[PDB]
There are 2 protein chains.
Amino acid sequence: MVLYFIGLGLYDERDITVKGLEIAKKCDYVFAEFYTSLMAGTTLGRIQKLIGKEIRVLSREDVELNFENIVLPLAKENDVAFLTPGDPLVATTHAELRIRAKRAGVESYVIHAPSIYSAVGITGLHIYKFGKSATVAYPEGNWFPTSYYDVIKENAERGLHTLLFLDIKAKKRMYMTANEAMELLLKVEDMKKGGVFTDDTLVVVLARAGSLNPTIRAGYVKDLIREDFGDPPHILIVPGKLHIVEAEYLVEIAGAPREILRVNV
Amino acid sequence: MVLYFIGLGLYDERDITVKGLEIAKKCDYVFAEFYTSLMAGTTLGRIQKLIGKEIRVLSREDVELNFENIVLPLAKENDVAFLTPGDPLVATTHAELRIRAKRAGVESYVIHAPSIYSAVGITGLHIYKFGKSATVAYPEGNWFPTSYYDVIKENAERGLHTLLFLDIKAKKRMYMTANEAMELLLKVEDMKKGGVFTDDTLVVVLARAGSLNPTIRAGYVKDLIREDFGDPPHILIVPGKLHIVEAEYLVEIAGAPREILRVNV
Ligand SMILES: Nc1ncnc2c1ncn2[C@@H]1O[C@H](CSCC[C@H](N)C(=O)O)[C@@H](O)[C@H]1O
């Protein structure tokens with residue numbers, strides 16, 4: 001009687017690890033949530049066919065409010081798996097669910113999978129140079145989130161890159177595009193005047209990481225803000241000072257303006 | 001005409017993704033490098049058996065000096081796979097290899113897999129709170145590198161966690177232990193006296209991430225410096241101020257002392 005937290009990866013059903021698949025295939029009950037991220041290259045049906053089990057999808061409320069009443073009860077007398085997009089413990093609050101598991105006397109194990117947090121390495125930007133991360137949240141009513149702007153400022157001041165997770169409204173089927181994120185950032189800039197994000201700021205966009213042909217683009221906000229980066233999910237990155245090799249990759253692979261090759265050391 | 005960069009994941013031969021395995025199986029030639037890191041929970045033989053292909057292992061020199069003479073020629077007229085521990089392109093030197101492919105008229109695609117960079121999510125520490133990362137290198141002769149100490153200092157003063165990759169002598173398969181890293185840091189502290197790493201510093205050790213039975217331990221240096229965390233690899237994290245939820249996970253899951261709930265939050 002145990003509970004497995006198993007990541008499904010970045011884009012499609014084949015992004016699950018072999019370990020995760022073999023373990024999922026032998027579980028008695030399989031649950032999953034698809035509100036923390038978007039797997040744009042698969043369907044519930046394909047995932048179900050791969051693991052050979054029926055998958056009960058849980059809503060954010062089911063998990064946050066009733067994980068211990070829906071999943072844990074079964075884990076006390078059966079092998080249960082809880083599937084999630086990407087890595088189950090990255091940019092989610094699922095780690096806390098392991099405490100609930102302990103309290104219920106249920107042992108839990110974690111099976112990792114490709115995460116967008118590390119996949120950004122495909123942009124050519126050195127992973128160790130990424131600083132604090134942030135999420136660009138949709139404004140709601142009179143509330144306009146701006147914390148992410150300060151994160152960029154803090155990292156950039158230290159010469160570090162900033163990974164910006166983009167908002168998602170699973171129920172409404174709304175996925176924030178890199179374009180919308182840029183528009184919001186420009187609005188915060190006009191409000192704060194920190195000189196952190198402007199039309200001349202160099203940015204990198206990574207869309208549908210995990211697919212064989214993800215969209216990887218780098219350039220100035222003024223040029224990319226109205227560019228079509230394809231279907232979601234998208235992630236936006238605001239690089240700090242570039243090493244020469246980072247600039248070379250952005251130019252050669254992400255189509256960045258050749259002028260960025262001339263770094264100001 | 002195609003080169004696939006395929007990640008092998010965290011620990012053993014089943015940490016490769018289903019996508020990576022199926023693609024590797026269909027490749028005409030398969031190369032691999034084990035110098036950026038190692039796969040401690042498996043062997044080349046077990047990886048070969050899973051993929052059902054002979055694996056040509058390449059040294060750091062083979063890759064950095066002769067990638068275009070060893071791998072690319074075959075990729076020109078065949079489907080070739082290049083396996084790497086973890087997630088491809090996390091290691092800083094990997095990215096440039098895609099430019100080499102482009103220069104040789106070879107298409108390249110990246111197949112992601114779990115990376116320790118994202119797997120640390122299992123420590124319960126929020127991924128967004130991780131700042132710049134660093135590597136603790138073994139001092140040698142008259143060379144005593146200490147830049148990693150400064151990374152911790154700069155992250156911590158901003159309330160961010162610091163991921164410290166530990167040194168490895170790839171060919172000899174000798175891993176720096178978290179204990180050795182702590183000893184080194186106390187030594188650097190005694191030299192810099194910045195009050196960044198002392199007996200009272202709270203640290204988190206993650207050993208054998210990817211395994212079903214990783215060791216996750218949190219506590220003060222004075223208590224953990226001589227503790228046995230099991231077989232390698234080891235990762236050391238120096239967290240910044242903790243969110244109560246992070247602290248509760250460290251206490252409940254990582255055996256941290258209750259004291260952290262009042263001292264480090
Ligand atoms: N394949 C992908 N391509 C681009 N962005 C992605 C992505 N998968 C996730 N994201 C980004 O991350 C956000 C979800 S955050 C949850 C992340 C997940 N646990 C993981 O490990 O990846 C999305 O709204 C999007 O901005």
Side-chain angles (χ1 to χ4, degrees), chain A residues 5-17 20 32-42 60 63 82-97 110-123 125 130 133-138 148 162-182 184-185 203-217 229-238 254, chain B residues 7 9-10 17 19 87 90 110-122 125-128 130:
Chain A
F5 287 81
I6 308 178
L8 297 180
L10 306 161
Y11 186 69
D12 57 58
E13 75 288 342
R14 294 201 303 170
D15 290 323
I16 186 174
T17 60
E33 62 87 352
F34 290 107
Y35 61 77
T36 56
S37 190
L38 176 67
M39 294 188 75
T42 186
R60 180 182 283 281
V63 178
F82 178 55
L83 316 178
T84 77
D87 181 293
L89 308 181
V90 172
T92 76
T93 55
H94 288 332
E96 181 272 323
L97 298 178
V110 178
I111 313 306
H112 303 281
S115 172
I116 187 64
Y117 184 62
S118 69
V120 287
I122 201 177
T123 63
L125 296 173
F130 280 75
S133 299
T135 298
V136 178
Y138 277 123
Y148 50 93
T162 302
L163 173 63
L164 295 168
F165 294 95
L166 305 189
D167 209 354
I168 176 175
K169 299 281 198 207
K171 253 58 179 177
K172 324 290 191 168
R173 286 185 175 182
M174 289 181 72
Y175 313 110
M176 183 181 282
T177 59
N179 312 79
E180 299 179 314
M182 287 184 246
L184 289 172
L185 278 161
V203 299
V204 180
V205 177
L206 173 58
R208 302 176 309 289
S211 66
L212 274 56
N213 301 276
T215 294
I216 310 172
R217 290 277 301 110
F229 302 113
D231 296 330
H234 293 181
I235 205 144
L236 179 69
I237 296 173
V238 177
Chain B
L10 305 162
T17 62
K19 176 178 292 171
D87 192 15
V90 165
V110 177
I111 312 303
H112 298 280
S115 171
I116 187 58
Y117 184 64
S118 57
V120 290
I122 194 171
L125 297 171
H126 301 321
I127 291 301
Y128 82 92
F130 280 79

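Order of listing sets the numbers, starting from 1, for every ligand and every atom in it. Below, chains carry the letters A, B, ... as their sequence lines are ordered, and counting in each starts from 1.
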Which is it for A/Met176 and ligand 1 at heavy atoms under 4.0 Å: side chain, backbone, both or neither?
neither
A/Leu206: numbered ligand 1 atoms lying under 4.0 Å from its heavy atoms:
4 (C)
A/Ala209 heavy atoms, cut-off 4.0 Å: which ligand 1 atoms fall inside?
1 (N), 2 (C), 3 (N)
I'd like to know if the side chain of B/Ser118 pairs up with that of A/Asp87 as donor and acceptor (distance under 3.5 Å, no hydrogens or angles considered).
no
Give the numbers and elements of all ligand 1 atoms closer than 4.0 Å to a heavy atom of A/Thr36.
14 (C), 15 (S), 16 (C)
Ligand 1 and A/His234, any nitrogen or oxygen pair closer than 3.5 angstrom?
yes
For the side chain of A/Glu180 and the backbone of A/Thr177, is there at least one donor-acceptor N/O pair under 3.5 Å apart?
yes
Taking non-hydrogen atoms only, is A/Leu166 closer than 4.0 angstrom to ligand 1 via side chain, backbone, both or neither?
both
When you measure from the side chain of B/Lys19 to the backbone N and O of A/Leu212, does any donor-acceptor pair fall under 3.5 Å?
no
Parallel, tilted or perpendicular: which one describes the rings of B/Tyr117 and A/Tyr117, with boundaries at 30° and 60°?
parallel
So between A/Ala178, A/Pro232, A/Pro233, whose heavy atom ends up nearest atom 4 (C) of ligand 1?
A/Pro233
Any donor and acceptor pair, going by atom type alone, linking the side chain of A/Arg208 with main-chain N or O of A/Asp231 inside 3.5 Å?
yes
